[PDB]
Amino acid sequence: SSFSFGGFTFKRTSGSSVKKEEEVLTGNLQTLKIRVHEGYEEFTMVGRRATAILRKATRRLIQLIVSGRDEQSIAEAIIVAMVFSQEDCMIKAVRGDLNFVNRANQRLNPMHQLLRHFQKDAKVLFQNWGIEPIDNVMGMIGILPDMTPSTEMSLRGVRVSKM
């Protein structure tokens, strides 16, 4: 029930899943083979600089409530969770080819190639994830694709909590 991904320790608190290999198409129509976890699961994500509560279904991020030291660490947690969710809109935000041949990419599986890609630049990821109107849940705030806080709109499923 415990593992690490992208610098975060994930702790499953509810649900379960089975694993299966699956092919997915990027925004540049490149086929990647990823190990998909099938099932509804809830997690706590614990990093050095941020933590979050994550609820996910098969290839769908349902909710992510993230707190952390500042915008850079909160954004990094959001990126890791978006990649971890394996959502189609994250796969489709890859607009160029993923380099799997360079000697330094020879051991990254596709999940880690995706993570590195969006760690270098997440602008397309955030712009294509989608936004939604939000309500007045005190203690929490919305975050826009450009990472500025908002009390009216937020990246779909994502809220920022005070630390």
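Don't overthink the numbering: it's just position in the shown sequence, from 1.
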Read off the CA B-factors in the entry, average them over 59-67 and over 123-131, and name the higher stretch. 123-131
Once average C-alpha B-factors are taken from the entry for 107-115 and 38-46, the winner is 107-115
Per the deposited entry, the peak Cα B-factor within the set 32, 54, 29, 137 goes to 137
In terms of the chain's CA B-factor thirds, is residue 160 lowest, middle or highest? middle
